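Here's the letter readout for the chains.
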Amino acid sequence: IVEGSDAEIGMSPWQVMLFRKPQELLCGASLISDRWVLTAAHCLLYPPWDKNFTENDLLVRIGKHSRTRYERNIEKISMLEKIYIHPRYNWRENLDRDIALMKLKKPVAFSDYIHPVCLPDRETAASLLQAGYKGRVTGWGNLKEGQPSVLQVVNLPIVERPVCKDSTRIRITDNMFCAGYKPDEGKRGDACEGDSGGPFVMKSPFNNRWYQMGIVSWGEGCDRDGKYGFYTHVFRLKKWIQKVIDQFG
Amino acid sequence: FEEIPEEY
Amino acid sequence: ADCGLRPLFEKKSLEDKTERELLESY
Ligand SMILES: N=C(N)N1CCC[C@H](C[C@@H](C=O)NC(=O)CN2CCC[C@H](NS(=O)(=O)Cc3ccccc3)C2=O)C1
Ligand code: NA
Ligand code: NA
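Residues numbered from 1 in each chain as written, not as in the entry; some residues may be left out. Chains lettered and ligands numbered in written order. Heavy atoms only, no water. Residues with missing side-chain atoms left out of burial classes, pairs and counts.

The name given to chain A in the PDB entry is THROMBIN, with the source organism recorded as Homo sapiens. Listed in the archive, the entry goes by the title "THROMBIN INHIBITORS WITH RIGID TRIPEPTIDYL ALDEHYDES".

K.L.:
Which parts of the structure should I look at to understand the domain arrangement of chain A?
P.N.:
All names here are of chain A. Taken domain by domain, chain A comprises domain 1 (1-12 + 117-235) and domain 2 (13-116 + 236-247). A separation of 18 Å is found between the C-alpha centroids of domain 1 and domain 2. In this complex, domain 1 contributes 42 residues to the contact, which on the side of domain 2 involves 39 residues. Contact between domain 1 and domain 2 buries roughly 3200 Å² in total, counting both sides, with carbon and sulfur atoms accounting for 56%. Counting across the domain 1 and domain 2 interface gives two salt bridges. Salt-bridge contacts for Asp-174 lead to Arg-236; the nearest nitrogen and oxygen are separated by 3.5 Å. Summed over the shared surface of domain 1 and domain 2, the result is 27 residue pairs in polar contact. Residue assignment for the side of domain 1 that touches domain 2 shows that the elements contributing at least two residues are β11 (134-139), β14 (199-203), β15 (210-218) and β16 (229-233). (Domains from an automatic or database assignment. Contact = heavy atoms within 4.5 Å. Buried area = accessible area lost by both parts, 1.4 Å probe. Salt bridge = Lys/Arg side-chain N within 4 Å of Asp/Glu carboxyl O. Polar contact = N/O pair within 3.5 Å; in protein donor to acceptor, adjacent residues only side chain to side chain. Helix = DSSP H or I, 4+ residues; strand = E, 2+ residues; numbered from the N terminus.)

K.L.:
It is not clear to me how the interface of chain A and chain B should be interpreted in this structure. Could you clarify?
P.N.:
Accessible area lost during the coming together of the parts is what is often quoted as the interface size. Chain A puts 12 residues into the contact, and the matching count from chain B is six residues. Its residues assigned to classes, the side of chain A that touches chain B shows seven nonpolar, two polar and three charged. (Nonpolar A, V, L, I, M, F, W, Y, C, P; charged D, E, K, R; others polar.)

K.L.:
What is the right way to look at the interface of chain A and chain C in this model?
P.N.:
In this assembly, 27 residues from chain A lie in contact with 20 residues from chain C. Summed over both partners, the interface of chain A with chain C buries about 2100 Å², with 58% contributed by carbon and sulfur atoms. Viewed at the interface, chain C and chain A are joined by 20 residue pairs in polar contact. Contributing elements (two or more residues each) for the side of chain A that touches chain C: β11 and β14 of chain A. In terms of residues, the side of chain A that touches chain C owes the most to one element, β11(A), which gives three residues. For the side of chain A that touches chain C, a count of residues per class yields 13 nonpolar, seven polar and seven charged.

K.L.:
Please clarify how the site of ligand 1 should be interpreted in this entry.
P.N.:
Residues and elements named next belong to chain A. For ligand 1, the set of nearby residues contains 20 residues, the closest of which are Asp-190, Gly-194, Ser-196, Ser-217 and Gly-219. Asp-190 places a side-chain nitrogen or oxygen 2.9 Å from a nitrogen atom of ligand 1. Here a nitrogen atom of ligand 1 and a backbone polar atom of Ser-217 are 3.1 Å apart. Coverage of ligand 1 by the protein chains reaches 80% of its 690 Å² of free accessible surface. Residues lining the shell around ligand 1 come from more than one domain, with at least three contributed by each of domain 1 (1-12 + 117-235) and domain 2 (13-116 + 236-247). (Near = heavy atom within 4 Å. Areas by Shrake-Rupley, 256 points an atom, 1.4 Å probe, with all protein chains shown as cover.)

K.L.:
Help me out: how do you make sense of the coordination of the sodium ion (ligand 3) in this one?
P.N.:
For the sodium ion (ligand 3), the full set of protein donor atoms is A:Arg224 (O) and A:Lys227 (O), and the range of their distances to it is 2.4 to 2.5 Å. By relative accessible area, A:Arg224 is classed as partly exposed at 40%. (Donors = N, O, S within 2.8 Å, 3.2 Å for Na, K, Ca; no water. Buried < 20%, exposed > 50% of the residue type's maximum accessible area, 1.4 Å probe, protein only.)

K.L.:
Is there a simple way to think about the coordination of the sodium ion (ligand 2) in this case?
P.N.:
Any two of four tetrahedral donors ideally make an angle of 109.5 degrees at the metal, while pairs among six octahedral donors ideally make 90 or 180 degrees. On the protein side, the sodium ion (ligand 2) has A:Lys165 (O) and A:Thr168 (O) as donor atoms, found 2.2 to 2.5 Å from it. Judged by relative accessible area, which is 14%, A:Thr168 ranks as buried.

K.L.:
Looking at this structure, how should I read the sheet that holds strand β8 (residues 76-78) of chain A?
P.N.:
The strands that make up a sheet pair up through hydrogen bonds in the backbone, lying either parallel or antiparallel. Residue and element names in this part refer to chain A. Reading across the sheet, the seven strands line up as β8-β7-β2-β3-β4-β10-β9 and stay open at both edges, with antiparallel pairing between neighbours. The sheet is open, and its two borders are formed by β8 and β9 (80-85), each paired with just one other strand. Strand-to-strand twist across the sheet, computed as the mean angle between neighbouring axes with direction ignored, equals 30°. The sheet contact formed by β9 and strand β10 (residues 100-104) spans five bridges and is antiparallel. Bridging from a neighbouring strand, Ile-83 pairs with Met-102 of β10. In the packing of helix α3 (residues 238-246) onto the sheet, the strands contacted are β4 (36-39), β9 and β10, and the crossing angle to β10 comes to about 25°. (Pairing = 2+ DSSP bridges. Axes fitted to C-alpha atoms, helices over the stretch in contact; angles between N-to-C directions.)

Have a look at this one:
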């Protein structure tokens, strides 16, 4: 995260760390039930970079605060049972449908530091996914286009689709939204390397619940003027999400 | 990274 | 069910230090 600040203890209890058993931080992820994690497909599979992670290559770490300490009595580390990538994920061109589900080997237990985020309903999505409304991104990724000691947080405004489109050469899909301040705004912030797969969440003003609207997906550099971070559009892919849990867990 | 339990 | 209600904030009626910035934008 660039230009963010340290998270408060238990501020983002659905925040998950995708950890490679070299033992390294792959990406964030989010807890949506006691057995299901949501992340970016590219965190697992990106053939251009020769990245194709399997169930047995990874570990999921939940309830974490610190990036590197093993937080004895606080975090829980699970083994994956199965990985599901969106059948139409487009890794060949624009990371369209950049989403995967990981089903844990065993249901995790909730605690002050571990709690699932909600998935939006069409109507939550309809009223919140508006240009200028702010969401929150979290992660342990780079601080600069080094690495934080604790979880970072940044609040960012959703930007109008045209503005998104006109900032890049990549073709933008209905499955993506972009967020960030405009050069004029004199407020910065962005996700950065290592933040991928983390949650873009918003707090509903109707029921005071936190909803995960986006997934950290792609961008070009970190916190560049006139550029914006791009996120997977969770609601547009919710059908696929339900389909898998239902058809399998 | 501080090492993690081996049981994991 | 209990999704998105944080044990240390919502469940205790405490606010995190920047959540008003979100609500204020809506
Ligand atoms: N939010 C911003 N600004 N981003 C920039 C800082 C990396 C951040 C996430 C990061 C992983 O942790 N995601 C990526 O690496 C996804 N990805 C994979 C390949 C390279 C690509 N970036 S790019 O090459 O500049 C432009 C591009 C985007 C999509 C597909 C191919 C090209 C990219 O963004 C995303
Ligand atoms: Na363009
Ligand atoms: Na920018």
